[PDB]
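Sequences listed follow chains Y, Q, b, G and S, in order. Here the first sequence stands for residues 95 to 140, numbered as in the authors' numbering. Here the second sequence stands for residues 298 to 353, numbered as in the authors' numbering. Here the third sequence stands for residues 2 to 108, numbered as in the authors' numbering. Here the fourth sequence stands for residues 52 to 125, numbered as in the authors' numbering. Here the fifth sequence stands for residues 42 to 203, 209 to 225, numbered as in the authors' numbering. For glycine and all other residues, C-beta sits at the position ideal for the given N, C-alpha and C. Below is one structure; the comments refer to it alone.
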Amino acid sequence: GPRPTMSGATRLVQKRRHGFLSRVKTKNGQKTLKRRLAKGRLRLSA
Amino acid sequence: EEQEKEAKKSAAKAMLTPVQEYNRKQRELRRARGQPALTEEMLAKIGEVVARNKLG
Amino acid sequence: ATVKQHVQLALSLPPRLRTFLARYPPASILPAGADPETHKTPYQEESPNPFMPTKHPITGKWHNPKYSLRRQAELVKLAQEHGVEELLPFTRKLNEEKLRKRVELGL
Amino acid sequence: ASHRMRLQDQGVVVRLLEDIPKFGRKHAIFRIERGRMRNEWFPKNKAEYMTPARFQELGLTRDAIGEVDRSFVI
Amino acid sequence: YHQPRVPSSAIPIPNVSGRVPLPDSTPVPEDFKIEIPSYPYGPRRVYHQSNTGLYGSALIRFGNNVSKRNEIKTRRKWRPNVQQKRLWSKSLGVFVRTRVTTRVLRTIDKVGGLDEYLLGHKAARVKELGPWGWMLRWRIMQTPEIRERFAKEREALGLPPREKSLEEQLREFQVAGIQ
RNA sequence: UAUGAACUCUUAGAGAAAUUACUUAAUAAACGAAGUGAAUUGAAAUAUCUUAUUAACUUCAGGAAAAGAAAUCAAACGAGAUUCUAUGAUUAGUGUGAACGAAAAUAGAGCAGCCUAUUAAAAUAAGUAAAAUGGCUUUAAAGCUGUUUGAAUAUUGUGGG
RNA sequence: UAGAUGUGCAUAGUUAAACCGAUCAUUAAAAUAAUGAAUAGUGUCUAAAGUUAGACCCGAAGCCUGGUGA
Ligand SMILES: [K+]
Ligand SMILES: [K+]
Ligand SMILES: [K+]
Ligand SMILES: [Mg+2]
Ligand SMILES: [Mg+2]
Ligand SMILES: [Mg+2]
Ligand SMILES: [Mg+2]
Ligand SMILES: [Mg+2]
Ligand SMILES: [Mg+2]
Ligand SMILES: [Mg+2]
Ligand SMILES: [Mg+2]
Ligand SMILES: [Mg+2]
Ligand SMILES: [Mg+2]
Ligand SMILES: [Mg+2]
Numbered sequence: 095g096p097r098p099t100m101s102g103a104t105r106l107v108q109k110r111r112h113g114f115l116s117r118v119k120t121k122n123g124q125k126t127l128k129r130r131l132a133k134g135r136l137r138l139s140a
Numbered sequence: 298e299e300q301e302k303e304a305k306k307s308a309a310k311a312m313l314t315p316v317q318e319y320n321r322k323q324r325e326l327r328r329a330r331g332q333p334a335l336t337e338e339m340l341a342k343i344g345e346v347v348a349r350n351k352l353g
Numbered sequence: 002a003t004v005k006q007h008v009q010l011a012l013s014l015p016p017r018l019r020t021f022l023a024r025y026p027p028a029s030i031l032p033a034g035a036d037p038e039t040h041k042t043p044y045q046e047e048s049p050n051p052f053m054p055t056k057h058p059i060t061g062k063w064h065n066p067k068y069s070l071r072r073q074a075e076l077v078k079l080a081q082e083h084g085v086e087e088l089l090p091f092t093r094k095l096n097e098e099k100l101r102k103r104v105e106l107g108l
Numbered sequence: 052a053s054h055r056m057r058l059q060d061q062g063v064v065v066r067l068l069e070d071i072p073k074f075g076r077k078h079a080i081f082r083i084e085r086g087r088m089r090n091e092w093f094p095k096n097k098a099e100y101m102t103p104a105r106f107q108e109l110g111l112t113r114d115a116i117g118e119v120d121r122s123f124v125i
Numbered sequence: 042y043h044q045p046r047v048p049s050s051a052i053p054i055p056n057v058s059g060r061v062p063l064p065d066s067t068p069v070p071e072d073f074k075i076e077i078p079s080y081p082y083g084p085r086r087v088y089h090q091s092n093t094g095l096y097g098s099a100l101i102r103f104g105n106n107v108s109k110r111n112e113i114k115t116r117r118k119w120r121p122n123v124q125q126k127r128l129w130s131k132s133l134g135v136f137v138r139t140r141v142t143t144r145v146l147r148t149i150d151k152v153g154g155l156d157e158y159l160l161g162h163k164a165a166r167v168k169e170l171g172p173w174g175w176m177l178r179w180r181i182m183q184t185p186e187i188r189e190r191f192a193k194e195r196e197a198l199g200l201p202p203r209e210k211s212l213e214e215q216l217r218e219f220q221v222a223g224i225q
């Protein structure tokens with residue numbers, strides 16, 4: 095079954111992993127933004 | 298910004314060989330000659346050939 | 002008046018034909034007392050026959066004809082539709098040349 | 052013997068600009084190994100490659116290539 | 042590569058990337074760079090190893106490996122016989138170090154030398170030179186031998202005699223530095 | 001038909017995008033070409049084959065790109081660039097099989113030729129054509145290609161098919 | 001005005017195949033010696049079908065490629 099994996103989770107690790115700068119500055123991150131931007135998402139990251 | 302790009306695009310003209318520079322100089326002279334024209338006398342002689350081969 | 006009608010037939014040809022004749026005029030249409038060698042056209046000075054290949058004097062290399070064999074057949078076909086086939090220079094694609102070679106030598 | 056063998060290079064034709072001992076006299080044309088010409092002679096300006104253009108300027112033809120003279124003495 | 046220093050020329054043999062960094066000793070004015078004209082056919086989008094050597098027209102080729110009995114296809118690679126030789130340059134007068142294939146070594150002998158192989162104007166050769174061969178071509182154009190050879194070949198073609211060269215600019219910076 | 005204004009981020013540098021700090025800093029996706037290139041699947045198993053020069057990824061490029069005015073096809077008559085659609089054709093042919101699969105030609109959409117290219121390019125093309133070998137493609141030809149070698153000079157019959 | 005243009009099917013069969021042909025093939029020469037095969041097609045509509053496409057509908061575990069996450 096699922097586990098409580100978000101216990102003790104901080105919001106500084108959310109910007110370093112799934113933030114916006116982590117995606118525009120990486121080759122594989124531009125795809126995610128372009129993919130999410132083509133679908134029409136508002137929340138491109140974090 | 299464009300003057301430094303057209304000068305950067307034609308910057309390899311200083312690396313041309315004597316033969317390349319010679320062929321590029323002839324086009325200017327050949328293009329300046331223009332196209333030959335057909336005088337009324339030559340046109341009249343061409344019509345005779347057309348009429349002779351069409352009407353007789 | 003007849004001369005005016007003749008000039009209206011030469012100007013009725015397609016520009017493709019008029020362009021070729023302007024730079025490669027045969028001796029027939031030249032002035033009566035003109036000489037073929039003199040007052041040549043700038044195109045004629047480069048090569049007397051644009052359809053035949055020419056060996057460049059300075060460099061011993063043959064230059065392709067100005068008009069390829071495919072284009073030689075399009076002018077002969079277009080020149081034969083307006084009865085101006087007697088003006089084009091010698092060509093293997095000429096209807097009379099193809100026929101003469103067959104009768105002379107055969108298969 | 053066979054109808055096909057290993058393809059081999061016979062060398063490069065060069066005209067000696069000097070008079071190297073044990074090979075040939077000056078202005079001698081022959082086929083030498085590419086290694087010696089490329090690494091020893093050409094840098095020292097001891098010979099020159101006999102390109103088709105060179106043959107024309109010198110007036111000679113391809114039927115003037117000689118053989119190496121190992122016995123040559125200065 | 043680590044290229045020798047031209048005997049009487051301030052300009053160094055260009056780098057593999059195209060930069061021509063001058064020594065600290067040579068005085069250079071504010072924001073002065075030696076730029077080589079762009080390669081007409083641009084770099085080689087594949088096999089970037091060929092953008093830094095004389096590879097002619099050879100690249101890394103992909104094909105199959107076939108079994109003796111069942112003829113099962115497996116992908117493999119064919120690499121060009123790339124070496125690293127020191128080729129003599131009559132114009133420069135030194136041993137230009139570069140990576141050249143064995144097929145281009147026979148072309149250097151066929152045309153009469155590295156200098157003759159770099160000055161070829163045919164389209165098939167300019168494509169074989171590549172970005173690196175285009176930098177060595179530019180370099181030998183600055184030498185006085187080639188400059189005095191092209192000026193003599195223009196008199197035979199009926200061309201006017203041929209402003210300041212790159213060697214003079216660097217020479218004038220050594221004079222202006224003392225004033 | 002003109003005209004004032006039009007903030008911040010993506011988008012100077014840094015950073016936890018819409019902040020800092022500066023400054024009259026600024027360009028998504030799909031579509032195109034090349035490179036690389038599978039497997040499910042079918043063959044009632046399965047290796048060749050098929051799926052498939054597919055999907056996907058990488059680079060580069062423009063509003064389109066690519067291709068393009070015959071070293072093309074035809075067959076003893078002749079056609080006359082490229083591209084798109086249909087027929088030719090469940091054909092020729094290939095393959096043990098399963099299956100894969102042309103071209104000439106015809107009709108239509110378009111039509112344009114040229115090197116003095118209407119944007120500025122040949123002094124007519126040599127490590128090239130081609131050969132052996134290892135592969136791709138493929139009908140054994142032609143075409144692409146790593147390695148080792150390596151020509152000829154125009155119908156007055158030279159060179160390719 | 002005038003002339004031409006545009007897949008296809010049938011109109012002749014026979015044989016591996018062509019020549020041949022109301023005849024053809026085998027008989028190593030041929031020959032009523034023997035044996036087999038000869039006469040309405042074509043287009044359209046309606047419906048039912050064979051074939052290739054997902055192919056009457058729903059359902060795997062798994063395989064490969066590209067990305068995501070410590
Ligand atoms: K778990
Ligand atoms: K590489
Ligand atoms: K082949
Ligand atoms: Mg934790
Ligand atoms: Mg050897
Ligand atoms: Mg900013
Ligand atoms: Mg920024
Ligand atoms: Mg089976
Ligand atoms: Mg078949
Ligand atoms: Mg040629
Ligand atoms: Mg080949
Ligand atoms: Mg052949
Ligand atoms: Mg061939
Ligand atoms: Mg029949």
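Residue i in three-state terms, based on DSSP
| i | result |
| --- | --- |
| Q323/Q | helix |
| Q61/G | coil |
| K118/S | strand |
| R76/G | coil |
| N90/G | helix |
| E46/b | helix |
| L70/b | helix |
| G117/G | strand |
| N96/b | helix |
| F219/S | helix |
| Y42/S | coil |
| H7/b | helix |
| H57/b | coil |
| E99/G | strand |
Neighbour flag for residue i against chain S, beta carbons, 8 angstroms
| i | result |
| --- | --- |
| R113/G | no |
| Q317/Q | yes |
| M312/Q | yes |
| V63/G | yes |
| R85/G | yes |
| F81/G | no |
| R66/G | no |
| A348/Q | no |
| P72/G | no |
Chain b within 8 angstroms of residue i, Cβ atoms only
| i | result |
| --- | --- |
| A329/Q | no |
Residue i beta carbon near ligand 4 (any heavy atom closer than 7 angstroms)
| i | result |
| --- | --- |
| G102/Y | yes |
Any non-hydrogen atom of ligand 10 closer than 7 angstroms to residue i Cβ
| i | result |
| --- | --- |
| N92/S | no |
Distance, residue j Cα to residue i Cα
| i | j | result |
| --- | --- | --- |
| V64/G | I224/S | 52 angstroms |
| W129/S | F74/G | 22 angstroms |
| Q124/Y | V118/Y | 5 angstroms |
| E299/Q | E76/S | 18 angstroms |
| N96/b | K78/b | 9 angstroms |
| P98/Y | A140/Y | 20 angstroms |
| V135/S | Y158/S | 16 angstroms |
| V137/S | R137/Y | 57 angstroms |
| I113/S | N105/S | 9 angstroms |
| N90/G | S307/Q | 38 angstroms |
| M182/S | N65/b | 33 angstroms |
| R101/b | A11/b | 29 angstroms |
| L133/S | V61/S | 16 angstroms |
Closer than 8 angstroms to chain Q by CB, residue i
| i | result |
| --- | --- |
| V8/b | yes |
| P62/S | no |
| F73/S | no |
Neighbour flag for residue i against chain G, beta carbons, 8 angstroms
| i | result |
| --- | --- |
| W175/S | no |
| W129/S | yes |
| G153/S | yes |
| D150/S | yes |
Residue i CB to nearest heavy atom of ligand 5 below 7 angstroms
| i | result |
| --- | --- |
| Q59/G | yes |
Residues bridged to residue i (per DSSP)
| i | result |
| --- | --- |
| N106/S | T115/S |
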